[PDB]
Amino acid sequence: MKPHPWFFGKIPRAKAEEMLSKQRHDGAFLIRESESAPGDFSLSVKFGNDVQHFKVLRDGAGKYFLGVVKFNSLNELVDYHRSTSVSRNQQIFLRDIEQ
């Protein structure tokens, strides 16, 4: 029985950036309802001298998850995963077969 302190309703991006930028620690964050698309949520976070925004979605079962990058081809999917790990916990980057 206690509300979520990170929840700031539907404040504009400016107010979220203007606020978070004044923080002194990497990871300073808030959850806000998206201006872009209704029903969605936006995770604003402070990092360096910038404020990054991550899209959060809620599906028909009430499950929450971060949005993921999406590609126009398998060729772009594999090449992207040459630099970014395919596994969430383990660090696995794709390499051309040898021999």
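All residue numbers refer to positions in the sequence shown, first residue = 1.
What stretch has the higher average Cα B-factor here, 73 to 81 or 87 to 95? Per the deposited B-factors, the answer is 87 to 95.
Just say lowest, middle or highest third for the CA B-factor of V45 relative to the other modelled residues in its chain. According to the entry, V45 has a C-alpha B-factor in the chain's middle third.
Divide the modelled residues of the chain into thirds by Cα B-factor and specify which third, lowest, middle or highest, holds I31. It falls in the middle third of the chain.
Select lowest, middle or highest to describe the third in which the CA B-factor of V51 falls within its chain in this entry. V51: CA B-factor falls in the highest third of its chain.
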